[PDB]
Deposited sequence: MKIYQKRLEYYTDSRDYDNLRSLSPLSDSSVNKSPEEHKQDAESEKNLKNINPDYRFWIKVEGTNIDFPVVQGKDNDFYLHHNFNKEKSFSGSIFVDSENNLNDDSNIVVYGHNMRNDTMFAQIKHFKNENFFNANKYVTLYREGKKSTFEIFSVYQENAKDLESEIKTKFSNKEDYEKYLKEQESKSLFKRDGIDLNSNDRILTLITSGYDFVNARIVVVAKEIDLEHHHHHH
């Protein structure tokens, strides 16, 4: 299938993930992204995949299923962070994208369901507010979309509630990541897409911030 890929890869040359003078380069990258679309928040890259995108945040979790980075009507849409996320505060950053079965957007999240892949490809890199951060994937799973929509949280009452959430997300994983010391001080990143193994499948990857 052929789709809206070309513009959303013009942008890839604007990636802040290509010294204080390169840093300078990456800052003008972010400023140009923000200027193209003020909804821009950060850049995501996933090791070993073609996931290498700008991430936006809309006013709801539907706009950017159907619009591109320029806000034009689009089938591929955009990669977007949950509209309810507070990126300064929240312990779980939740990010969505399409899997339209033509190897674009978040299609390649499905590769993490293969144990060899999961073992070999550990890291998700973000670039936000002039800073690179790394997250190590510890959970991969799929389930029905309605259950997922009820389970995924960005906001926690207290530490105990968060620890409980972390334990749930880790317990769900097809595969165990050894030595990841998952704990309630951690900050996590959740990546969500659709799958086609069963109707209304969602595929989920959860990763914790390291370094």
Original post:
Which ranges of the deposited chain go unmodelled, in order along the sequence?
Top reply: 1 to 9, 28 to 33, 227 to 234
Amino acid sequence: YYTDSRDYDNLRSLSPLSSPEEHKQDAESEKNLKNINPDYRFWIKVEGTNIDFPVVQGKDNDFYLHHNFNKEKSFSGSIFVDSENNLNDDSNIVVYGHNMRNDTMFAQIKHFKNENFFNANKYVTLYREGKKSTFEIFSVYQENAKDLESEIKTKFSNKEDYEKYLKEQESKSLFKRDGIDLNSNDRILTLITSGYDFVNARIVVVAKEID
From here on, numbers count along this sequence of modelled residues.
Original post:
Comparing 65 to 73 with 164 to 172, where is the mean C-alpha B-factor higher?
Top reply: 65 to 73
Original post:
Of 188 to 196 and 9 to 17, which one has the bigger average CA B-factor?
Top reply: 9 to 17
**OP:** Could you check 144, 32, 49, 57 and tell me which one carries the biggest Cα B-factor in the deposited entry?
**Re:** 32
Original post:
Of the choices 182, 36, 152, 44, which one's C-alpha carries the largest B-factor in the record?
Top reply: 36
Subject >> Modelled-residue ranking by C-alpha temperature factor, third containing residue 125 >> reply: middle
**OP:** Select lowest, middle or highest to describe the third in which the CA B-factor of residue 136 falls within its chain in this entry.
**Re:** lowest
Original post:
Should residue 110 be placed in the lowest, middle or highest third of its chain by the C-alpha B factor in the entry?
Top reply: lowest
**OP:** Sort the modelled residues of this chain by their C-alpha B factor and say whether residue 102 lands in the lowest, middle or highest third.
**Re:** highest
Subject >> Third of the chain's Cα B-factor distribution that residue 40 belongs to, per the entry >> reply: middle
